[PDB]
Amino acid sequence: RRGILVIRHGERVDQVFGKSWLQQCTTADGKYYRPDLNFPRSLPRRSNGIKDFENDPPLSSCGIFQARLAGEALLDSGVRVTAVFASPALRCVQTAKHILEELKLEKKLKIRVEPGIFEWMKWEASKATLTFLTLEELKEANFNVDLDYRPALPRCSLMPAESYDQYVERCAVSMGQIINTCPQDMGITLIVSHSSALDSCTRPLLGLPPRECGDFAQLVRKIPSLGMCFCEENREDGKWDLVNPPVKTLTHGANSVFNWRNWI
């Protein structure tokens, strides 16, 4: 059968170090350094400054570990991946990348950046306070992105004040186009997105109405990094069925800050 696997991005640095993260890793000198190993080895090359990561943060090292471990598990599962779409958020695109690298398909498949599956604008910041990397920058930062892919919703079309109902509609519209981007291949398509997407990108396929707004927010906070939601298409009925994801869940503990001076 043909399947859709919705996947949450891995741990993001600001989930661990807070909004101040960017200040914690930037020299007076203006440069980046790792004050803690969980900060990534390096940041990708970016316009409008290091200053832009603030609203579009990268994966933590743990995040990368998570994305790789899932990728590896998809390889091991024997499943066939035929396409990957990702929210323009750097945490998503990075997650897509590491999954592919462990699947050994980073060269074979090109990441399709789809703003239509971006986070609900409400939880994010306004337009004047939110910017993504350009395909060019990603290509330069070594993400094998599809330069030709025409998004169901271009980046500037995202309204920094969309309602819940507009969000779920744009998601349904985006899923629409994706499902019709060559509906033939009998493989799995990856949608690497955010917590909310596990509900807002599957319900339409399942022909279900949007959850009540309160009911929705309540469910999407419970979703962990690399959390998955799997949908399959029935041959004849053409209906979509919610099924078990092809890889196991990932459960592990935190690691709290330590200091050998804080002995006594």
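Just count from 1 along the sequence shown to find any residue number.
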item	value
Of 149-157 and 93-101, the stretch whose C-alpha atoms average the higher B-factor in the entry	149-157
Between the two ranges 6-14 and 240-248, the one averaging a larger CA B factor in the entry	240-248
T189, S87, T129, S174, ranked by C-alpha B-factor: the highest one	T129
Out of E114, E119, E72, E162, residue topping the C-alpha B-factor column of the entry	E162
Chain third (lowest, middle, highest) by recorded CA B-factor, residue given as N234	highest
Ranked C-alpha temperature factor of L37 among modelled chain residues, by third	lowest
Third assignment of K110 from its chain's C-alpha B-factors	middle
Assigned third (lowest, middle, highest) for the C-alpha B factor of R203	middle
CA B-factor ranking of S195, expressed as a third of its chain	lowest
